[PDB]
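Okay, structure05.cif is below, mmCIF, C-alpha atoms and all ligand atoms:
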```
data_my_file
loop_
_atom_site.label_atom_id
_atom_site.label_comp_id
_atom_site.auth_asym_id
_atom_site.auth_seq_id
_atom_site.Cartn_x
_atom_site.Cartn_y
_atom_site.Cartn_z
CA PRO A 12 118.79 112.81 90.32
CA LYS A 13 116.23 111.13 88.06
CA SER A 14 114.84 109.08 90.95
CA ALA A 15 114.63 112.05 93.31
CA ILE A 16 111.38 113.03 91.63
CA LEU A 17 109.52 109.93 92.75
CA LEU A 18 109.99 110.25 96.51
CA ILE A 19 108.62 113.79 96.71
CA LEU A 20 105.64 112.77 94.60
CA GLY A 21 105.34 109.63 96.73
CA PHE A 22 104.26 111.68 99.71
CA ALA A 23 101.51 113.06 97.48
CA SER A 24 100.16 109.51 97.01
CA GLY A 25 101.10 108.17 100.44
CA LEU A 26 99.62 110.70 102.84
CA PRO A 27 95.84 110.44 102.23
CA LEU A 28 95.92 106.70 102.92
CA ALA A 29 95.88 106.98 106.72
CA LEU A 30 93.51 109.93 107.12
CA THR A 31 90.44 107.79 106.35
CA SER A 32 91.98 104.67 107.96
CA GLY A 33 93.97 104.50 111.25
CA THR A 34 93.87 108.17 112.21
CA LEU A 35 90.12 108.42 111.71
CA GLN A 36 89.72 105.43 114.00
CA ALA A 37 92.09 106.90 116.58
CA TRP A 38 90.14 110.17 116.44
CA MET A 39 86.87 108.33 117.01
CA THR A 40 88.31 105.95 119.64
CA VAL A 41 89.64 108.88 121.67
CA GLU A 42 86.02 109.84 122.10
CA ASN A 43 83.61 107.16 123.31
CA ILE A 44 81.48 106.78 120.14
CA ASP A 45 80.67 103.16 121.01
CA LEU A 46 82.99 100.32 119.91
CA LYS A 47 81.32 98.67 116.91
CA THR A 48 80.96 101.87 114.88
CA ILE A 49 84.68 102.60 115.24
CA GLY A 50 85.27 99.62 112.98
CA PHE A 51 82.23 100.45 110.86
CA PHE A 52 84.56 102.84 108.99
CA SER A 53 85.89 100.14 106.69
CA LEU A 54 83.51 100.54 103.72
CA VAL A 55 84.78 104.11 103.37
CA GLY A 56 87.58 102.94 101.13
CA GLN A 57 85.14 101.10 98.89
CA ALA A 58 86.71 103.07 96.04
CA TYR A 59 89.77 100.79 96.35
CA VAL A 60 87.82 97.79 94.99
CA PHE A 61 86.13 99.44 91.97
CA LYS A 62 89.20 101.32 90.72
CA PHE A 63 89.72 98.93 87.80
CA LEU A 64 86.15 99.40 86.56
CA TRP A 65 87.11 102.95 85.51
CA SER A 66 90.92 102.77 85.29
CA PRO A 67 91.13 103.47 81.51
CA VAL A 68 88.29 105.99 81.16
CA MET A 69 90.16 108.64 83.16
CA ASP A 70 93.19 108.53 80.87
CA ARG A 71 93.56 108.48 77.06
CA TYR A 72 91.00 111.13 76.16
CA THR A 73 92.09 113.69 78.79
CA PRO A 74 90.87 116.64 76.65
CA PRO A 75 93.21 119.61 77.13
CA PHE A 76 90.69 122.11 78.52
CA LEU A 77 89.34 119.59 81.03
CA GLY A 78 92.77 118.15 81.84
CA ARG A 79 96.41 117.70 80.79
CA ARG A 80 97.10 121.43 80.41
CA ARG A 81 98.63 120.85 83.84
CA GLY A 82 99.74 117.47 85.11
CA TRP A 83 96.88 115.35 86.39
CA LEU A 84 98.60 114.77 89.72
CA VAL A 85 97.57 118.40 90.29
CA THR A 86 94.00 117.87 89.05
CA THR A 87 93.71 115.18 91.74
CA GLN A 88 95.92 116.56 94.53
CA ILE A 89 94.45 120.06 94.70
CA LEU A 90 90.93 118.69 94.82
CA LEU A 91 92.00 116.18 97.47
CA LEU A 92 93.34 119.03 99.61
CA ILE A 93 89.99 120.79 100.06
CA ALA A 94 88.22 117.56 100.96
CA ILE A 95 90.83 116.53 103.50
CA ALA A 96 90.91 119.94 105.17
CA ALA A 97 87.11 120.10 105.37
CA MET A 98 86.94 116.53 106.73
CA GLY A 99 88.19 117.41 110.21
CA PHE A 100 86.68 120.89 110.29
CA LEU A 101 83.22 119.34 110.85
CA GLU A 102 81.69 118.15 114.11
CA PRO A 103 83.91 115.66 116.02
CA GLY A 104 81.32 113.63 117.88
CA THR A 105 78.22 115.80 118.18
CA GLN A 106 76.85 115.28 114.64
CA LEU A 107 78.67 112.63 112.62
CA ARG A 108 77.01 113.46 109.28
CA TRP A 109 80.50 113.49 107.72
CA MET A 110 80.76 109.66 107.70
CA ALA A 111 80.27 109.86 103.94
CA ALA A 112 80.54 113.57 103.15
CA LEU A 113 84.35 113.35 103.34
CA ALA A 114 85.20 109.64 103.71
CA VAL A 115 83.98 108.42 100.31
CA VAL A 116 85.22 111.57 98.55
CA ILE A 117 88.69 111.20 100.10
CA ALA A 118 88.95 107.57 99.04
CA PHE A 119 87.66 108.41 95.56
CA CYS A 120 90.28 111.12 95.13
CA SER A 121 93.12 108.94 96.39
CA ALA A 122 92.10 106.03 94.17
CA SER A 123 91.98 108.51 91.28
CA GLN A 124 95.46 109.79 92.13
CA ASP A 125 97.31 106.50 92.57
CA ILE A 126 95.93 105.36 89.19
CA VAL A 127 97.25 108.40 87.34
CA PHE A 128 100.47 108.17 89.36
CA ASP A 129 101.08 104.59 88.15
CA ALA A 130 100.05 105.20 84.51
CA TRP A 131 101.01 108.64 83.17
CA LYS A 132 104.39 108.93 84.94
CA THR A 133 105.50 105.46 86.10
CA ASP A 134 105.92 103.49 82.87
CA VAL A 135 106.01 106.42 80.44
CA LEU A 136 109.33 107.78 81.77
CA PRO A 137 110.88 104.83 83.64
CA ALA A 138 114.06 104.70 81.58
CA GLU A 139 113.67 100.98 80.91
CA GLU A 140 114.62 99.26 84.18
CA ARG A 141 111.60 99.53 86.47
CA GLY A 142 112.88 97.37 89.35
CA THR A 143 114.85 99.92 91.35
CA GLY A 144 112.84 102.75 89.85
CA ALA A 145 109.70 101.22 91.31
CA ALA A 146 111.46 100.12 94.51
CA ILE A 147 112.06 103.78 95.30
CA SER A 148 108.33 104.54 95.20
CA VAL A 149 107.45 101.92 97.80
CA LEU A 150 109.84 103.84 100.06
CA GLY A 151 108.39 107.23 99.06
CA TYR A 152 105.06 105.77 100.14
CA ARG A 153 105.92 103.81 103.28
CA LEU A 154 107.48 107.05 104.46
CA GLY A 155 104.30 108.94 103.64
CA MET A 156 102.37 106.64 105.93
CA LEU A 157 105.04 107.09 108.61
CA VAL A 158 104.68 110.89 108.43
CA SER A 159 100.94 110.46 108.96
CA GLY A 160 99.39 107.82 111.20
CA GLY A 161 101.23 107.19 114.46
CA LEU A 162 103.86 109.93 114.55
CA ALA A 163 101.38 112.43 113.10
CA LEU A 164 99.03 112.12 116.09
CA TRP A 165 101.95 112.67 118.49
CA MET A 166 101.70 116.44 118.03
CA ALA A 167 97.91 116.38 117.54
CA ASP A 168 97.41 114.86 121.00
CA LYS A 169 99.56 117.50 122.72
CA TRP A 170 98.05 120.31 120.65
CA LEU A 171 94.52 121.46 121.44
CA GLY A 172 92.03 120.81 118.65
CA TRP A 173 92.40 117.89 116.25
CA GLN A 174 91.43 120.14 113.33
CA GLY A 175 94.89 121.68 113.64
CA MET A 176 96.43 118.35 112.72
CA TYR A 177 94.33 118.44 109.56
CA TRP A 178 95.84 121.84 108.82
CA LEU A 179 99.25 120.22 109.20
CA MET A 180 98.35 117.65 106.55
CA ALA A 181 96.78 120.20 104.23
CA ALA A 182 100.03 122.09 104.78
CA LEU A 183 102.17 119.01 104.11
CA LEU A 184 100.52 118.79 100.68
CA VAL A 185 101.74 122.31 99.81
CA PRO A 186 105.35 121.11 99.32
CA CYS A 187 104.00 118.30 97.15
CA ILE A 188 102.08 120.67 94.85
CA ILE A 189 105.02 123.09 94.65
CA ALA A 190 107.57 120.32 93.98
CA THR A 191 105.25 118.93 91.29
CA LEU A 192 105.19 122.24 89.43
CA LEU A 193 108.97 121.78 89.07
CA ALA A 194 109.11 117.97 88.93
CA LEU A 207 87.87 105.54 74.86
CA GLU A 208 84.28 104.34 75.26
CA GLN A 209 85.25 100.67 74.88
CA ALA A 210 88.47 101.07 76.90
CA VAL A 211 86.81 99.86 80.12
CA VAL A 212 86.31 96.21 79.13
CA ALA A 213 88.85 95.30 76.43
CA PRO A 214 91.71 94.87 78.97
CA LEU A 215 89.89 92.51 81.35
CA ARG A 216 89.75 89.66 78.82
CA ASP A 217 93.39 88.66 79.47
CA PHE A 218 93.02 88.08 83.23
CA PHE A 219 90.54 85.19 83.03
CA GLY A 220 92.08 83.65 79.90
CA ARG A 221 94.47 81.53 81.96
CA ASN A 222 94.00 78.10 83.43
CA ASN A 223 94.84 79.48 86.87
CA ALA A 224 92.95 82.79 86.87
CA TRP A 225 90.53 81.89 89.67
CA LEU A 226 93.22 80.14 91.72
CA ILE A 227 95.43 83.23 91.56
CA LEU A 228 92.41 85.39 92.37
CA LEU A 229 91.74 83.46 95.56
CA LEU A 230 95.43 83.39 96.48
CA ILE A 231 95.84 87.15 96.14
CA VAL A 232 93.07 87.90 98.65
CA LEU A 233 93.30 85.02 101.14
CA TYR A 234 97.08 85.32 101.55
CA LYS A 235 96.96 88.70 103.33
CA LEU A 236 93.64 88.05 105.10
CA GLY A 237 95.54 87.22 108.28
CA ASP A 238 97.71 90.33 108.02
CA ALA A 239 94.58 92.52 107.97
CA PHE A 240 93.12 91.39 111.30
CA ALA A 241 96.14 92.59 113.28
CA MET A 242 95.88 96.10 111.77
CA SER A 243 92.09 96.50 112.03
CA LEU A 244 91.40 97.43 115.67
CA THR A 245 94.88 97.85 117.18
CA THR A 246 94.28 101.56 117.81
CA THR A 247 91.05 100.94 119.68
CA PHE A 248 92.26 97.74 121.33
CA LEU A 249 95.26 99.34 123.03
CA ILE A 250 93.79 102.59 124.33
CA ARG A 251 90.36 101.06 125.09
CA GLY A 252 90.12 99.05 128.29
CA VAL A 253 93.71 97.83 128.00
CA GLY A 254 97.06 98.49 129.62
CA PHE A 255 98.14 101.09 127.07
CA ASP A 256 96.51 103.70 129.33
CA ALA A 257 97.34 106.68 127.11
CA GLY A 258 96.93 107.99 123.56
CA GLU A 259 99.79 110.42 123.84
CA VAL A 260 102.09 107.39 123.99
CA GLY A 261 100.67 106.27 120.64
CA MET A 262 104.06 106.59 118.96
CA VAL A 263 105.18 103.59 120.99
CA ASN A 264 102.61 101.41 119.19
CA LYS A 265 101.79 103.37 116.01
CA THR A 266 105.19 104.70 114.86
CA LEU A 267 107.81 102.12 115.84
CA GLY A 268 106.06 99.53 113.67
CA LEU A 269 106.14 101.79 110.59
CA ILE A 270 109.89 102.41 110.84
CA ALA A 271 110.30 98.71 111.64
CA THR A 272 108.27 97.68 108.60
CA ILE A 273 109.95 100.13 106.19
CA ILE A 274 113.32 98.80 107.37
CA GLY A 275 112.08 95.23 107.05
CA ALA A 276 111.02 95.86 103.47
CA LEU A 277 114.42 97.34 102.71
CA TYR A 278 116.01 94.14 104.01
CA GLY A 279 113.55 92.15 101.90
CA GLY A 280 114.64 93.96 98.76
CA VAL A 281 118.30 92.99 98.99
CA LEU A 282 117.42 89.54 100.36
CA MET A 283 115.13 88.67 97.43
CA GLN A 284 118.10 89.02 95.08
CA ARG A 285 120.08 87.08 97.70
CA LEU A 286 117.39 84.37 97.42
CA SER A 287 119.10 80.98 97.37
CA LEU A 288 115.96 78.87 98.00
CA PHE A 289 113.10 79.17 95.52
CA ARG A 290 110.52 79.13 98.34
CA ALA A 291 110.78 82.94 98.58
CA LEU A 292 107.19 83.89 99.46
CA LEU A 293 106.47 80.74 101.48
CA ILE A 294 109.22 81.24 104.05
CA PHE A 295 109.33 85.05 103.98
CA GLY A 296 105.60 85.33 104.69
CA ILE A 297 104.84 82.15 106.64
CA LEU A 298 105.96 83.70 109.93
CA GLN A 299 103.49 86.58 109.49
CA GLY A 300 101.20 84.66 111.85
CA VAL A 301 103.65 83.81 114.60
CA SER A 302 104.53 87.51 114.65
CA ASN A 303 100.91 88.48 115.35
CA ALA A 304 101.14 86.48 118.57
CA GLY A 305 103.03 89.47 119.94
CA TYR A 306 99.69 91.16 120.51
CA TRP A 307 98.11 88.03 122.01
CA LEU A 308 101.04 87.65 124.43
CA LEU A 309 100.32 91.23 125.52
CA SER A 310 96.57 90.58 125.81
CA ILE A 311 97.12 88.78 129.12
CA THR A 312 99.85 91.26 130.14
CA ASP A 313 99.49 94.28 132.39
CA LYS A 314 100.41 97.76 131.21
CA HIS A 315 104.00 97.24 132.37
CA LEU A 316 106.67 99.71 131.25
CA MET A 317 107.87 98.44 127.84
CA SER A 318 105.50 95.53 127.22
CA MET A 319 103.63 96.85 124.19
CA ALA A 320 106.88 97.97 122.61
CA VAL A 321 108.16 94.41 122.22
CA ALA A 322 105.44 93.43 119.72
CA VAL A 323 105.24 96.76 117.85
CA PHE A 324 108.80 96.37 116.60
CA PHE A 325 108.44 92.64 115.84
CA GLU A 326 105.03 92.03 114.25
CA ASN A 327 105.19 94.95 111.87
CA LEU A 328 108.72 93.78 111.11
CA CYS A 329 107.71 90.35 109.83
CA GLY A 330 104.94 91.57 107.56
CA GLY A 331 107.18 94.41 106.51
CA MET A 332 109.76 91.99 105.22
CA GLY A 333 107.16 90.09 103.26
CA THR A 334 105.76 93.25 101.71
CA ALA A 335 108.28 93.49 98.91
CA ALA A 336 107.92 89.80 98.16
CA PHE A 337 104.18 90.14 97.74
CA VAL A 338 104.29 93.24 95.52
CA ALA A 339 107.12 91.87 93.39
CA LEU A 340 105.22 88.66 92.69
CA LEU A 341 102.17 90.74 91.92
CA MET A 342 104.12 92.78 89.37
CA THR A 343 105.51 89.78 87.48
CA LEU A 344 101.98 88.45 86.96
CA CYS A 345 101.14 91.33 84.60
CA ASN A 346 103.79 93.16 82.56
CA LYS A 347 102.26 92.93 79.09
CA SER A 348 101.18 95.52 76.52
CA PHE A 349 98.16 96.35 78.67
CA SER A 350 100.74 97.49 81.26
CA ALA A 351 99.51 99.13 84.46
CA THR A 352 95.94 99.31 83.14
CA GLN A 353 95.76 95.70 84.32
CA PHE A 354 98.11 96.05 87.28
CA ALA A 355 95.54 98.29 88.95
CA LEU A 356 93.18 95.29 88.88
CA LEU A 357 95.60 93.29 91.01
CA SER A 358 95.76 96.31 93.30
CA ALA A 359 91.98 96.25 93.72
CA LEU A 360 92.16 92.62 94.84
CA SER A 361 94.90 93.37 97.37
CA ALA A 362 92.81 95.97 99.24
CA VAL A 363 89.52 94.04 99.18
CA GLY A 364 90.50 92.04 102.25
CA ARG A 365 91.68 95.01 104.32
CA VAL A 366 88.79 97.30 103.35
CA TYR A 367 85.92 94.94 104.28
CA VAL A 368 87.65 93.30 107.28
CA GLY A 369 86.61 95.89 109.86
CA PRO A 370 82.92 95.31 110.58
CA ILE A 371 83.28 91.54 110.49
CA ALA A 372 86.25 91.63 112.86
CA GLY A 373 84.37 93.94 115.20
CA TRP A 374 81.37 91.65 115.40
CA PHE A 375 83.73 88.89 116.51
CA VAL A 376 85.42 91.22 119.02
CA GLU A 377 82.05 91.82 120.66
CA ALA A 378 80.90 88.33 121.66
CA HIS A 379 84.13 86.51 122.58
CA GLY A 380 86.14 89.57 123.72
CA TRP A 381 89.60 90.41 122.35
CA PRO A 382 91.96 87.48 123.13
CA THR A 383 90.30 84.63 121.28
CA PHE A 384 89.84 87.04 118.38
CA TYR A 385 93.64 87.37 118.27
CA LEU A 386 94.30 83.62 118.59
CA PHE A 387 91.95 81.78 116.21
CA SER A 388 90.43 84.45 113.96
CA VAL A 389 93.87 85.95 113.25
CA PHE A 390 95.37 82.53 112.48
CA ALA A 391 92.53 81.69 110.07
CA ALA A 392 94.73 82.66 107.10
CA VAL A 393 97.74 80.49 107.99
CA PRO A 394 96.01 77.61 106.12
CA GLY A 395 95.85 79.92 103.11
CA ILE A 396 99.64 79.92 103.07
CA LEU A 397 99.39 76.14 102.99
CA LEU A 398 97.15 76.45 99.95
CA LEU A 399 99.83 78.58 98.31
CA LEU A 400 101.94 75.42 98.23
CA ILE A 401 99.49 73.90 95.76
CA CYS A 402 99.45 77.17 93.84
CA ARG A 403 103.22 76.67 93.53
CA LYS A 404 102.63 74.08 90.80
CA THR A 405 101.78 76.75 88.20
CA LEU A 406 103.86 79.56 89.73
CA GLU A 407 107.01 77.42 89.66
CA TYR A 408 106.60 76.83 85.93
CA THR A 409 106.80 80.53 85.04
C1 LIG A 501 101.42 100.84 93.65
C2 LIG A 501 100.39 101.31 94.64
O1 LIG A 501 100.30 102.49 94.95
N1 LIG A 501 99.59 100.34 95.12
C3 LIG A 501 98.52 100.54 96.08
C4 LIG A 501 98.99 100.95 97.46
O2 LIG A 501 99.61 99.82 97.94
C5 LIG A 501 100.85 99.99 98.62
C6 LIG A 501 100.83 99.02 99.85
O3 LIG A 501 100.75 99.81 101.00
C7 LIG A 501 100.01 99.23 102.05
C8 LIG A 501 98.62 99.86 102.03
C9 LIG A 501 100.73 99.50 103.38
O4 LIG A 501 101.85 98.95 103.48
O5 LIG A 501 100.16 100.20 104.23
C10 LIG A 501 102.12 98.16 100.02
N2 LIG A 501 101.81 96.75 99.89
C11 LIG A 501 101.12 96.21 98.87
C12 LIG A 501 100.92 94.72 98.97
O6 LIG A 501 100.67 96.85 97.93
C13 LIG A 501 103.14 98.59 98.98
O7 LIG A 501 103.42 99.96 99.16
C14 LIG A 501 103.10 100.70 97.97
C15 LIG A 501 101.96 99.76 97.58
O8 LIG A 501 102.55 98.52 97.76
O9 LIG A 501 97.93 101.23 98.35
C16 LIG A 501 96.57 101.26 97.91
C17 LIG A 501 96.01 99.86 97.94
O10 LIG A 501 94.65 99.92 98.29
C18 LIG A 501 96.45 101.87 96.50
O11 LIG A 501 96.47 103.27 96.66
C19 LIG A 501 97.56 101.55 95.52
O12 LIG A 501 97.09 100.81 94.43
#
```

Represent the structure from my file as structure tokens, please.
Amino acid sequence: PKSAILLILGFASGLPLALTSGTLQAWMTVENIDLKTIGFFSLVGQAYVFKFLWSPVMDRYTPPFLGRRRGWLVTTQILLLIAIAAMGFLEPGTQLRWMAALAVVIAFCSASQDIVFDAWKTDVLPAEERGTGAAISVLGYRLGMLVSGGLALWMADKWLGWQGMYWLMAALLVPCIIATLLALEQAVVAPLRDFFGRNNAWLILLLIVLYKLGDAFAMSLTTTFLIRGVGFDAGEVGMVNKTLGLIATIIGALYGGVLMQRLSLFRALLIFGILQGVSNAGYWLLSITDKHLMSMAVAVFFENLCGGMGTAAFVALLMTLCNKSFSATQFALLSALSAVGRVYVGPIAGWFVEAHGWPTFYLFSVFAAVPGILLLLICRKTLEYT
């Protein structure tokens, strides 16, 4: 029962991810609120690219009166709860002054929670082996995004008043908090010196960001693309295209976990993540397709499947890069580089979805990152050595 703790706490650090991301865009795209500004909510998670600049300051000192007299997952999760609940309670489309009143605060709190959830509890009490112990968290997180996001809006759409859905989420945090009660000045810079001390620091830096650049386009404006001027025709039916792909990706990752051990060809990443582009064509093939009966359901279960499989492979390679004394203090840096592409991709993608429509944005712009996989082949000269 040692691992049973992680999953429950996973939902604490997996829920707030979608409330400023896909569900905020679905909530704005259900109203008119233009088209460009729906994607202008991508700089909200700017806190997920500066999280390493203050990763060590939060911990270490933790004076008892300020913090540590109760676990810090509480000192982040309770504060997060008020901000999330107040986010939706404000004006839906009349006065949008909340664009930053509760978007930046939510991202700040989440980025402050995932850091303390990877530092003070992950490697301090892992019981040595961290492979399966950490593989359980990915599942206690994927499932948190499944609870929110697509399936979450299924009841919100039927129910009258989107603020009620927020009360569901603020109420889904109550079990977290209750199951958790029973579950340095120079610190900022001294770590960073070991990341650029390699030959291949800049090459790995570029590879980390450009590899997933393609995978971010296909999850940037899917919510608006389907319901808006497209054969989806609904919003209630959103489970068809916003839930199936989460269960498909979680399952794909689970297959990836056993398969990686089953790896018989050293390619690993190359083959497991090369097809991430041919899977995105599922959307393009539906771009010229009428609403149909099941058409959009063919791609939802296949595209999110391919990237889902490659998820574990990415994270696992990202973990091996940094397992030294500095520990997760430096891991968080590689987790700031992974979200840079998907945080800033919105406005740029939208500008391209304005001039040349949707289709050619799915064909060329999406496949821009397939060459990056080709570049990974060169990067396999130094990666193979280790
Ligand atoms: C260990 C961990 O929590 N990593 C990050 C998490 O990524 C997860 C990521 O989920 C993505 C967003 C998703 O599938 O929607 C998944 N993929 C990668 C590459 O990180 C995987 O799931 C747990 C962790 O790793 O998300 C945020 C990144 O900005 C951050 O809160 C957090 O650093």

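Among all protein and nucleic acid residues, the ones that lie within 6 Å of ligand LIG 501 (chain A) when counting all atoms listed in the file are residues 59, 122, 125, 149, 152, 334, 337, 338, 358 and 362 of chain A.
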
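In terms of minimum interatomic distance to residue A:290, A:396 ranks closest within A:51, A:24, A:396, A:379, counting all atoms listed in the file.
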
All residues 7 Å or closer to stretch 154-163 of chain A, all atoms listed in the file, same chain fewer than 6 positions away omitted, as JSON, numbers by chain: {"A": [22, 25, 26, 29, 33, 34, 261, 262, 265, 266, 269]}

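Restricting the calculation to all atoms listed in the file, the smallest distance between residue A:193 and any of A:131, A:98, A:81, A:329 is found for A:81.
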
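In terms of minimum interatomic distance to residue A:351, A:126 ranks closest within A:126, A:212, A:288, A:242, counting only C-alpha atoms.
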
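Using all atoms listed in the file for every distance, the candidate list A:219, A:120, A:214, A:151 yields A:214 as the residue closest to residue A:348.
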
Can you patch up stretch 283-303 of chain A, filling it in to N, CA, C and O atoms, and show the result as a PDB file, in the frame of the given file?
```pdb
ATOM      1  N   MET A 283     115.772  89.343  98.557  1.00  0.00           N
ATOM      2  CA  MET A 283     115.130  88.670  97.430  1.00  0.00           C
ATOM      3  C   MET A 283     116.129  88.379  96.310  1.00  0.00           C
ATOM      4  O   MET A 283     116.113  87.288  95.731  1.00  0.00           O
ATOM      5  N   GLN A 284     116.991  89.339  95.976  1.00  0.00           N
ATOM      6  CA  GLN A 284     118.100  89.020  95.080  1.00  0.00           C
ATOM      7  C   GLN A 284     119.003  87.962  95.700  1.00  0.00           C
ATOM      8  O   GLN A 284     119.432  87.026  95.016  1.00  0.00           O
ATOM      9  N   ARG A 285     119.293  88.082  96.994  1.00  0.00           N
ATOM     10  CA  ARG A 285     120.080  87.080  97.700  1.00  0.00           C
ATOM     11  C   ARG A 285     119.361  85.740  97.826  1.00  0.00           C
ATOM     12  O   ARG A 285     119.937  84.806  98.394  1.00  0.00           O
ATOM     13  N   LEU A 286     118.146  85.610  97.296  1.00  0.00           N
ATOM     14  CA  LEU A 286     117.390  84.370  97.420  1.00  0.00           C
ATOM     15  C   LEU A 286     118.189  83.185  96.887  1.00  0.00           C
ATOM     16  O   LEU A 286     118.565  83.155  95.712  1.00  0.00           O
ATOM     17  N   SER A 287     118.445  82.213  97.760  1.00  0.00           N
ATOM     18  CA  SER A 287     119.100  80.980  97.370  1.00  0.00           C
ATOM     19  C   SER A 287     118.153  79.784  97.378  1.00  0.00           C
ATOM     20  O   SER A 287     118.501  78.738  96.821  1.00  0.00           O
ATOM     21  N   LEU A 288     116.978  79.912  97.992  1.00  0.00           N
ATOM     22  CA  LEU A 288     115.960  78.870  98.000  1.00  0.00           C
ATOM     23  C   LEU A 288     114.717  79.415  97.313  1.00  0.00           C
ATOM     24  O   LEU A 288     114.228  80.491  97.671  1.00  0.00           O
ATOM     25  N   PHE A 289     114.208  78.675  96.327  1.00  0.00           N
ATOM     26  CA  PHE A 289     113.100  79.170  95.520  1.00  0.00           C
ATOM     27  C   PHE A 289     111.828  79.431  96.318  1.00  0.00           C
ATOM     28  O   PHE A 289     110.925  80.096  95.799  1.00  0.00           O
ATOM     29  N   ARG A 290     111.728  78.931  97.553  1.00  0.00           N
ATOM     30  CA  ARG A 290     110.520  79.130  98.340  1.00  0.00           C
ATOM     31  C   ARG A 290     110.088  80.597  98.349  1.00  0.00           C
ATOM     32  O   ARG A 290     108.924  80.917  98.086  1.00  0.00           O
ATOM     33  N   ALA A 291     111.023  81.499  98.640  1.00  0.00           N
ATOM     34  CA  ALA A 291     110.780  82.940  98.580  1.00  0.00           C
ATOM     35  C   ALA A 291     109.558  83.333  99.405  1.00  0.00           C
ATOM     36  O   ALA A 291     109.666  83.508 100.622  1.00  0.00           O
ATOM     37  N   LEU A 292     108.398  83.484  98.762  1.00  0.00           N
ATOM     38  CA  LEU A 292     107.190  83.890  99.460  1.00  0.00           C
ATOM     39  C   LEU A 292     106.906  82.995 100.660  1.00  0.00           C
ATOM     40  O   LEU A 292     106.705  83.472 101.779  1.00  0.00           O
ATOM     41  N   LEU A 293     106.841  81.684 100.426  1.00  0.00           N
ATOM     42  CA  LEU A 293     106.470  80.740 101.480  1.00  0.00           C
ATOM     43  C   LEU A 293     107.174  81.041 102.797  1.00  0.00           C
ATOM     44  O   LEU A 293     106.525  81.289 103.817  1.00  0.00           O
ATOM     45  N   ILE A 294     108.505  81.080 102.790  1.00  0.00           N
ATOM     46  CA  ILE A 294     109.220  81.240 104.050  1.00  0.00           C
ATOM     47  C   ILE A 294     109.215  82.691 104.515  1.00  0.00           C
ATOM     48  O   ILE A 294     109.176  82.959 105.720  1.00  0.00           O
ATOM     49  N   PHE A 295     109.265  83.645 103.590  1.00  0.00           N
ATOM     50  CA  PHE A 295     109.330  85.050 103.980  1.00  0.00           C
ATOM     51  C   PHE A 295     108.019  85.556 104.550  1.00  0.00           C
ATOM     52  O   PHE A 295     108.025  86.534 105.305  1.00  0.00           O
ATOM     53  N   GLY A 296     106.901  84.926 104.204  1.00  0.00           N
ATOM     54  CA  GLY A 296     105.600  85.330 104.690  1.00  0.00           C
ATOM     55  C   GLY A 296     104.871  84.295 105.526  1.00  0.00           C
ATOM     56  O   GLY A 296     103.736  84.538 105.944  1.00  0.00           O
ATOM     57  N   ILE A 297     105.491  83.141 105.784  1.00  0.00           N
ATOM     58  CA  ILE A 297     104.840  82.150 106.640  1.00  0.00           C
ATOM     59  C   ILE A 297     104.783  82.665 108.069  1.00  0.00           C
ATOM     60  O   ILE A 297     103.758  82.535 108.749  1.00  0.00           O
ATOM     61  N   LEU A 298     105.870  83.266 108.543  1.00  0.00           N
ATOM     62  CA  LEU A 298     105.960  83.700 109.930  1.00  0.00           C
ATOM     63  C   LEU A 298     105.091  84.907 110.230  1.00  0.00           C
ATOM     64  O   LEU A 298     105.082  85.367 111.377  1.00  0.00           O
ATOM     65  N   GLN A 299     104.367  85.439 109.242  1.00  0.00           N
ATOM     66  CA  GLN A 299     103.490  86.580 109.490  1.00  0.00           C
ATOM     67  C   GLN A 299     102.431  86.275 110.541  1.00  0.00           C
ATOM     68  O   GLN A 299     101.842  87.211 111.092  1.00  0.00           O
ATOM     69  N   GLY A 300     102.178  85.002 110.840  1.00  0.00           N
ATOM     70  CA  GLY A 300     101.200  84.660 111.850  1.00  0.00           C
ATOM     71  C   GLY A 300     101.823  84.576 113.222  1.00  0.00           C
ATOM     72  O   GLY A 300     101.259  85.073 114.202  1.00  0.00           O
ATOM     73  N   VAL A 301     103.002  83.955 113.309  1.00  0.00           N
ATOM     74  CA  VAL A 301     103.650  83.810 114.600  1.00  0.00           C
ATOM     75  C   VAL A 301     104.066  85.178 115.126  1.00  0.00           C
ATOM     76  O   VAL A 301     104.242  85.354 116.336  1.00  0.00           O
ATOM     77  N   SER A 302     104.222  86.154 114.229  1.00  0.00           N
ATOM     78  CA  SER A 302     104.530  87.510 114.650  1.00  0.00           C
ATOM     79  C   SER A 302     103.317  88.179 115.282  1.00  0.00           C
ATOM     80  O   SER A 302     103.464  88.979 116.211  1.00  0.00           O
ATOM     81  N   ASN A 303     102.114  87.870 114.791  1.00  0.00           N
ATOM     82  CA  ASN A 303     100.910  88.480 115.350  1.00  0.00           C
ATOM     83  C   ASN A 303     100.697  88.056 116.793  1.00  0.00           C
ATOM     84  O   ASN A 303     100.073  88.797 117.567  1.00  0.00           O
TER      85      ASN A 303
END
```
